[PDB]
There are 4 protein chains.
Amino acid sequence: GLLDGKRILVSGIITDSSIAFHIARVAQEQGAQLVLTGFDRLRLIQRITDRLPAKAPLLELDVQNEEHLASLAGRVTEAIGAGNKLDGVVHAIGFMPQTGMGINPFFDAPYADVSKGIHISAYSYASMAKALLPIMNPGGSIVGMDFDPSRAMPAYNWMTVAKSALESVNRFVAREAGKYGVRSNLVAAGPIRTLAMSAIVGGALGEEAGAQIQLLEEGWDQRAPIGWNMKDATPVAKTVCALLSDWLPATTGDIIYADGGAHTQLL
Amino acid sequence: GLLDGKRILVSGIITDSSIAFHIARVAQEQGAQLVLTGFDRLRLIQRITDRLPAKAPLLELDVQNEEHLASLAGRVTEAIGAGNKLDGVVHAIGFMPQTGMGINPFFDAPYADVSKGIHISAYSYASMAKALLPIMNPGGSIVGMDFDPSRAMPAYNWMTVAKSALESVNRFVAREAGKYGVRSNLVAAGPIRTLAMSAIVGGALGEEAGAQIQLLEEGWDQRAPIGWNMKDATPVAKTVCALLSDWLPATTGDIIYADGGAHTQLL
Amino acid sequence: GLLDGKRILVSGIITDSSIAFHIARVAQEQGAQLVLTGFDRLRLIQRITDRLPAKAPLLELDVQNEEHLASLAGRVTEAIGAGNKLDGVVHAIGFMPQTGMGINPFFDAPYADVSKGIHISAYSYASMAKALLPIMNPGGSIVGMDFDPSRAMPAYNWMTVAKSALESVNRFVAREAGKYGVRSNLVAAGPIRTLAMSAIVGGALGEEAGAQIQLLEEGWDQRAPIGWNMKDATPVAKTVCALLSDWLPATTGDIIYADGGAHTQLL
Amino acid sequence: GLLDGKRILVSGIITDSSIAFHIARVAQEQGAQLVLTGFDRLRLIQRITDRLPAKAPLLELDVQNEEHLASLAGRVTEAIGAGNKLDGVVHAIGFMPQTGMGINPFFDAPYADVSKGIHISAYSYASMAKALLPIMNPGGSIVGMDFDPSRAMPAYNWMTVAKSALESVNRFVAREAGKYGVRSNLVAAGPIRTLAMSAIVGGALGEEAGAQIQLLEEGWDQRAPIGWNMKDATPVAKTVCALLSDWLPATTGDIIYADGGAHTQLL
Ligand SMILES: NC(=O)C1=CN([C@@H]2O[C@H](COP(=O)(O)OP(=O)(O)OC[C@H]3O[C@@H](n4cnc5c(N)ncnc54)[C@H](O)[C@@H]3O)[C@@H](O)[C@H]2O)C=CC1
Ligand SMILES: NC(=O)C1=CN([C@@H]2O[C@H](COP(=O)(O)OP(=O)(O)OC[C@H]3O[C@@H](n4cnc5c(N)ncnc54)[C@H](O)[C@@H]3O)[C@@H](O)[C@H]2O)C=CC1
Ligand SMILES: NC(=O)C1=CN([C@@H]2O[C@H](COP(=O)(O)OP(=O)(O)OC[C@H]3O[C@@H](n4cnc5c(N)ncnc54)[C@H](O)[C@@H]3O)[C@@H](O)[C@H]2O)C=CC1
Ligand SMILES: NC(=O)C1=CN([C@@H]2O[C@H](COP(=O)(O)OP(=O)(O)OC[C@H]3O[C@@H](n4cnc5c(N)ncnc54)[C@H](O)[C@@H]3O)[C@@H](O)[C@H]2O)C=CC1
């Protein structure tokens, strides 16, 4: 397996359609031993992760909670056994209050809402790296999930701003992670039909936002030289596993696009 | 003059070495009629702006204060006279608490501090545009100040992250500003020896940060095909005035680099 | 006028719909004294340029002709008078054989054809700078015309490759031009309905290429926050004049987008 | 092995320090069956490749020779056996005449020399893809070698321009390769001490060019968060193998940086 013998922490599972669920599945298919972290609904997350190929300990982590972060490394060391360190960390965490996304006008998101979204979606990449680098092995790899924010787009609004901040944060965590012989990169994925995204396309954040996002999805597949299947997270999971492996050993502070090549084409 | 008859709001003057001071001077030399906004120390700012080529009303604006923003357009309309609108807006506002810049390790900036810095340095570009677009003329121009955040750098730390967020915000304000026939752009300047920057080079945020920043400055001039003079803000002021003019009428959501060309060269 | 007293060479006029025709017109409206260069059909070009606001000497320049280039500076000095130097140079030259554009498959352009297109469209920017820098004043400006090649697009095929080469060439000419106190930049324009482009949309290079290009044009206006009018070259002419002026004095090796902001937006 | 059962063509071996030699070695260590192509000095190349972990047929390919290209697919099919197709193609070909690199002034490279360099270094990526896609399997991968040309640099001169053209070509070959279910990407490597590069650092193209390149190398390692070892090609070989594998299945028209992260950092 691509990740035989590696110990990898995977955050961000909430449903069986989470990108992180597929990352976790693929990583286990490839020989990795996982520790999972979950937010708020631990009983649900446990029930979901029971469906993974192998059992994995689940630890609670609210990235906005200082105590959770302070205790994190000790709790992971307990789960993987003293004397063992992590080889990989997956940040698959993102949130923006609905005032910051969709039909709510861009100028009407109050800063308390965007700040919460930036905390969870961007700053937390640094928080997690701070927590976990002390328990990571040389040759290790930290990976986060990105959605290409280099051009503005309808509806995504402040979440795009949050992703712009995340990409900047990633370049700084690579500097810190380098002192540990650890890489830090993001995977920029094409749009994926997670539960939240399905609800949004169905109009959860207003009809016009739903319509624009559906339009956005169609253009993506059309632009992608090898196509893009929003219903299939596995090509993105495989990409994260590539970065977790020893096979991109000279890539750090960087962004790998798992998007069908859509960002390389105009029409 | 390049800006004859234009009415332009200029934020961000705090000392006679502020980039915004030079923007204001150059704009007045070019025939613009100004309204100034200042933060906190209004008596000082008045004394500084007395030195400008022409008199200009000074209005208080703390970009973190909802009431200041709510009243802003009415106060500007009063200063410029009912029935007149603004043609230009200059955002020259930036701040990051010292935990987010310098020798303080990147991972040790508490989120309350980075959030304050992002509020002032990035979100406020949207706040000001929201406040002022209702009183801007078609063909108008909003300009903000950027420091190229596309690669990480020593010391600047979370301020670089804030600038990454600002660039993303700018692309979204261009969408909103377009409905008014208004452009929105940033000028990415090379490093300038403002009071704060002089103190930082002199070690205000720790010796090693001062040393790295001085090194950064030297490399800039060395890379710039036409050189770079950190002691002279006027080429950056002139660039802002270019964007405020009618001479870049098809540029919006964009970034103009006033940096001697340094960002286009590797060594 | 924006360019009062400046002496500026303008290449690339072939019809009254050439972008360079509008550059020349606007520059003369702004007080510039022009020298024109034309390719092959000098009698036609003279008849076209007779319609400019002021008379201007026309010099023959085939950018593929070593002798034309060797004699160029002497011929310009003769036209503007000994002891006078140029302040500005406009490169508005581009060509790709039809095997390199349109419905002809990308893989079927023979290298002799792409090499001719790269010679005329990219290398010649360096040729002209080599010829003219010896007769340019400090504070001068060289400007070339770009079409954003950062993503691939239907039909434009090898011309896009040529533009990618041009952008790289520009960064190197900025290094050389800097020794003379001269700036070098490109204006990346949105699509403009020149004669050649009209013929192409009408199917001169095959129906499907025409269709894709028309689609490309529509998306541009739709993406542009301030819109995009392919029938109007003046906003691009104005942008070139901005770079020819003293108002972007710290920008070199760079690209200014006169495209309605379309490149900053995804949808 | 990462590439078990894959059939892969590897061009560009000339010495045992060629990047392509290490690509070939690593690919064979990972279970790939290779076909090699070599230019001009076939007897030498055979002697060098005898040192690879496994035997591999060597086919002559001068990328400037139309007949070599016309016969290429038939010769490969013969070497791998009728009914078998390629899964991978590695383009590791680059050349620029010495008038286009080093101390020879940028403006003094005659176009015949740069055209030869662009033919070999950029156009040939399209030539090879044209030749080989008809004999590639769905899920296959074409990879070329890039040196980041987004900023100008001393000495590399027209080779940087050639790399800018290559990156553009890659995005177009991805469009064509997509019709075959094939990906096309480049690996942008940090500087590597190949024979040619060692000679250049030692002054083969003039002292000042040698000095600037040595300076360039040192800055790279200094900028790279995980460091950069110019004497070790294996991290770049591993990266090429990652792209040849099934583990980046949604990446095409793209660039992966195997450069220690140096391009993500300013200082
Ligand atoms: N779905 C898509 O189209 C794309 C998603 N991404 C990114 O992939 C990552 C995973 O998201 P998806 O799988 O799409 O959605 P999801 O809703 O399945 O996953 C989001 C995760 O964020 C976690 N989270 C929220 N607040 C948290 C907190 N305070 N502490 C800890 N965890 C918290 C949630 O519990 C959830 O598990 C996110 O960064 C998302 O932005 C990137 C590109 C596309
Ligand atoms: N100095 C440099 O090397 C460069 C500076 N810039 C940017 O130029 C802009 C102007 O900064 P400088 O002239 O360098 O420094 P400065 O210290 O002269 O100006 C900063 C301004 O931000 C204002 N400000 C801070 N908090 C505020 C608040 N809550 N409400 C309203 N205003 C507030 C301050 O009053 C001050 O006038 C900033 O965005 C800065 O990031 C960009 C590139 C380089
Ligand atoms: N029309 C459009 O949609 C856009 C055009 N551009 C660029 O603007 C520049 C001007 O082109 P347009 O005005 O569109 O077309 P045009 O056909 O009016 O101008 C092209 C010029 O290139 C000149 N030329 C060709 N071969 C030459 C040679 N060997 N020596 C000297 N001159 C030669 C032609 O004589 C002609 O004057 C070109 O670089 C073009 O690529 C950039 C963006 C968009
Ligand atoms: N060495 C370095 O610092 C870096 C090299 N690269 C690229 O890696 C690739 C491989 O180069 P290196 O291993 O460095 O040098 P090398 O000299 O070992 O390999 C160059 C190959 O190009 C081949 N070639 C030249 N003309 C040819 C032709 N007409 N037909 C077929 N093949 C021809 C040569 O035979 C040689 O095998 C090139 O694209 C180079 O630009 C990219 C980044 C850095």
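Counting starts at 1 for both ligands and their atoms, following the listed order. Throughout, protein chains are lettered first and strands after them, A, B, ... in sequence-line order, and every chain is numbered starting at 1. Computation of the quantities below employed the complete heavy-atom set of this structure, encompassing side-chain atoms and omitting hydrogens, waters and symmetry-equivalent molecules.
Residue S17(B) has no N or O atom closer than 3.5 Å to an N or O atom of ligand 2. Close N/O approach between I93(B) and ligand 2 is found [any backbone or side-chain N/O within under 3.5 Å]. Checking only distances, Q64(A) never comes within under 3.5 Å of ligand 1, N or O to N or O. Residue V63(B) places at least one N or O, backbone or side chain, under 3.5 Å from an N or O of ligand 2. Taking distance alone, with nitrogen or oxygen atoms compared against 3.5 Å, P191(B) stays at or beyond that limit from ligand 2.
The residue among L44(A), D148(A), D146(A), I192(A) with a heavy atom at the shortest distance from atom 43 (C) of ligand 1 is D146(A). Of the options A92(A), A20(A), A233(A), the smallest heavy-atom separation from atom 20 (C) of ligand 1 is shown by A92(A). Counting heavy atoms only, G94(B) comes closest to atom 22 (O) of ligand 2 of the residues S124(B), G12(B), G94(B).
For atom 34 (C) of ligand 4, no protein heavy-atom neighbour is found at a distance under 4.0 Å.
The ligand atoms of ligand 2 that sit less than 4.0 angstrom from a heavy atom of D62(B) are 28 (C), 29 (N), 30 (N). Of all atoms in ligand 4, listed by their number and element, those nearer than 4.0 Å to a heavy atom of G190(D) are 44 (C). Short contacts between ligand 4 and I120(D), defined as distances under 4.0 Å to a heavy atom of the residue, involve ligand atoms 26 (N), 27 (C), 29 (N). For ligand 4, the atoms closer than 4.0 angstrom to any heavy atom of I13(D) are 37 (O).
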Please step through side chain to side chain donor-acceptor pair (under 3.5 Å) for the pair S115(B) and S115(A), ending with a clear verdict. CA-CA 6 Å; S115(B) 179; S115(A) 179; 2.7 Å; yes
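Between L58(B) and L42(B) the shortest side-chain heavy-atom distance falls below 4.5 Å.
In this structure, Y111(B) has its ring center at least 6.0 angstrom away from the ring center of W158(B).
The protein heavy atom nearest to atom 4 (C) of ligand 4 is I19(D) CD1, 3.9 Å. At the shortest separation from atom 9 (C) of ligand 4 among protein heavy atoms lies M145(D) CB, 3.6 Å. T194(D) CG2, 4.0 Å is the protein heavy atom nearest to atom 15 (O) of ligand 4. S18(D) OG, 2.6 Å is the protein heavy atom nearest to atom 18 (O) of ligand 4. Ranking the protein heavy atoms by distance from atom 39 (O) of ligand 4 puts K163(D) NZ, 2.9 Å first.
Using modelled atom types, one finds no donor on one side chain facing an acceptor on the other under 3.5 Å when comparing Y257(B) with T239(B). Between the side chains of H91(D) and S124(D), at least one donor N or O sits under 3.5 Å from an acceptor N or O.
Under 4.0 Å from ligand 4, the heavy atoms of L61(D) that appear belong solely to its backbone.
Residue-ligand proximity: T37(B) is placed with every non-hydrogen atom at 4.0 Å or more from ligand 2. Under a 4.0 angstrom heavy-atom cut-off, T15(B) registers as lying outside contact with ligand 2.
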